[PDB]
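Only one structure is covered here, and it is reproduced in the block below.
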Amino acid sequence: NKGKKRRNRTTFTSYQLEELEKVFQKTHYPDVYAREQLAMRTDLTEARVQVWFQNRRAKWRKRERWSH
Amino acid sequence: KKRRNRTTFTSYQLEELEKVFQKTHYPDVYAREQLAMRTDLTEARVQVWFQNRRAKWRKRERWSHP
DNA sequence: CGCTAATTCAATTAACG
DNA sequence: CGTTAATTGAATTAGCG
């Protein structure tokens with residue numbers, strides 16, 4: 001099935017991915033405040049940061065052996 | 001420490017959201033981007049509003065199925 | 001084709017008045 | 001406490017070297 005017109009796929013920079021990953025290592029579920037400070041520091045929207053964390057947890061769960 | 005924050009919509013914001021819901025239950029990105037300007041909300045809050053509004057609507061159909 | 005960003009859902013949690 | 005906005009995993013869609 002084909003979905004309706006969607007937002008253009010965001011291409012992140014080397015800096016952005018490295019910066020987001022540092023926060024992911026501290027916590028997989030950052031509060032709104034943590035995400036907003038990452039959104040300003042990386043010049044991203046709080047929305048793109050929240051979707052990145054949603055997908056980063058999905059990638060981590062797939063590779064993970066343990067229950068958590 | 002409040003982990004998440006909450007958006008309290010104005011009556012005008014709700015009129016403009018419900019207007020687009022009655023035209024299209026699944027607005028495209030171009031349609032959502034317009035509401036973001038019209039209602040001063042982010043496109044992100046329009047997605048979230050629309051998915052709760054859809055969930056809310058499907059519950060009605062399940063109750064009035066016979 | 002692999003990786004991953006974006007968008008749906010059902011179930012559930014938590015902010016606000 | 002009631003209302004409902006926000007968040008989550010899971011599934012899925014799809015852009016793009």
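Letters A, B, ... are given to chains in the order of the sequence lines, protein chains preceding strands, and every chain is numbered from 1.
- With respect to A:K22 and A:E19, a salt bridge is recorded, a charged nitrogen being found less than 4.0 Å from a carboxylate O.
- Between B:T8 and D:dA5, a side-chain N or O to OP1/OP2 separation shorter than 4.0 Å is absent.
- Whole-Å rounding puts the A:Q16 CD to C:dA5 P distance at 11 Å.
- Rounded to a whole Å, the CZ atom of B:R3 is 11 Å from the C1' atom of C:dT13.
- Sugar puckers are classed by the sign of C1'-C2'-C3'-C4'; that of C:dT8 comes out north, on the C3'-endo side.
- Annotation: proximity of residues 24-45 of chain B to DNA chain C (heavy atom, distance under 4.0 Å) is found for B:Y26, B:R32, numbered in ascending order.
- Cation-pi geometry between A:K4 and B:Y26 is not met at under 6.0 angstrom from the ring centre and within 45 degrees of the axis.
- With hydrogens and angles left out, the side chain of A:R6 and the base of C:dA6 share a donor-acceptor pair within 3.5 Å.
- If you check the side chains of B:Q22 and B:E18, you find a donor sitting under 3.5 Å from an acceptor.
- Here the side chains of A:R7 and A:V51 are not in contact, with every heavy-atom distance at 4.5 Å or above.
- Note: CD (B:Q47) to P (C:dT7) measures 5 Å, nearest angstrom.
- Ring pair A:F53/A:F24 is tilted by interplanar angle, where 30° to 60° counts as tilted.
- Counting only heavy atoms from C-beta outward, the side chains of B:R60 and B:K56 never approach each other to under 4.5 Å.
- Rounded to a whole Å, the CZ atom of A:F12 is 13 Å from the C1' atom of D:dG15.
- In this structure, the side chains of B:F9 and B:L41 come closer than 4.5 Å at one or more pairs of heavy atoms.
- Per the geometry, CZ belonging to A:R9 stands 13 Å off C1' belonging to C:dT7, to the nearest Å.
- If you take CG of A:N8 and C1' of C:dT4, they are 16 Å apart, rounded to a whole angstrom.
- Contact annotation for A:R7: backbone-only contact, meaning every heavy-atom pair under 4.0 Å involves sugar-phosphate atoms and none involves a base.
- Residues from residues 53-68 of chain A placing a heavy atom under 4.0 Å of any atom in DNA chain C, listed by number, are A:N55, A:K59.
- No continuous path of hydrophobic side-chain contacts links B:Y12 to B:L35 [ILVMFWY only; heavy atoms under 4.5 Å].
- A positive value of the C1'-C2'-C3'-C4' torsion places the sugar of D:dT8 in the northern pucker family.
- In this structure, A:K4 places its NZ atom 17 Å from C1' of D:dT12, rounding to the nearest Å.
- Residue B:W49 contributes atom CH2, which lies 15 Å from atom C1' of D:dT3 at whole-angstrom precision.
- Of the possible polar contacts, one joining the A:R57 side chain to the A:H28 backbone as a donor-acceptor pair under 3.5 Å is found.
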